[PDB]
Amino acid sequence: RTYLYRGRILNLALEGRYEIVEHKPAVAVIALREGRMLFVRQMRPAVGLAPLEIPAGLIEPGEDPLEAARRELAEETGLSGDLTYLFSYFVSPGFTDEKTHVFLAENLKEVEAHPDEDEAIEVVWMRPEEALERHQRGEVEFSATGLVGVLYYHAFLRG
């Protein structure tokens, strides 16, 4: 495996004829409250639009999945909760090793008296049914984390 580029959140390498992109692992948090799921949107230069996602981020040096999940939820929404590990997935094993760990957040609580808002992120509480409905009409795009959250909801959280 020879490297062509070593960067901030990724390295580009070649293994034979295989182009490989090493990428830090990540976390995603599904949070439901009063029939609404906590989605987030932000400027995504790579795609040129802001898809519907759920709180998520890269695991930082020194962090395990659970810890990164707590930090991302706290930093992007100013919330904490009781987290439960659900499952993980490789975003695109055909070229990258980025692995995402998904958690469920319950009993949401303000991290502090007056949470410090994240300017780069837009918090969007929305019924998972609406997110899917709108996506089906081509009105909104999904990130893998957003779609996984929506599907997980329909499969195990309704009622």
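Numbering starts at 1 and follows the sequence shown. Between two forms, the rigid core is the largest collection of C-alphas that superpose within 1.5 Å.
> Please work out whether 123-131 or 103-111 has the higher root mean square C-alpha deviation in 6 other deposited structures of this protein relative to the shown form, with the rigid core as fitting region?
With the rigid core superposed, the C-alphas that lie farther in 6 other deposited structures of this protein are those of 103-111.
> Tell me whether residue 118 is absent from the model in at least one third of the other entries compared, counting only those where the residues either side are present.
Yes; at least one third of the other entries leave residue 118 out.
> Test of understanding: from the entry's C-alpha B-factors, which stretch has the higher mean, 104-112 or 54-62?
Between 54-62 and 104-112, it is 104-112 that shows the higher mean C-alpha B-factor.
> Can you tell me whether 39-47 has a higher mean C-alpha B factor than 64-72 in this record, or the other way round?
According to the PDB entry, the answer is 39-47.
> In terms of recorded Cα temperature factor, pick the maximum from 120, 132, 26, 123.
Top of the list by C-alpha B-factor: 120.
> In the PDB entry, which of 12, 150, 140, 144 has its C-alpha at the highest B-factor?
Of the options given, 12 has the highest CA B-factor in the PDB entry.
> Among the modelled residues of this chain, does the Cα B factor of residue 127 put it in the lowest, middle or highest third?
Middle third by C-alpha B-factor.
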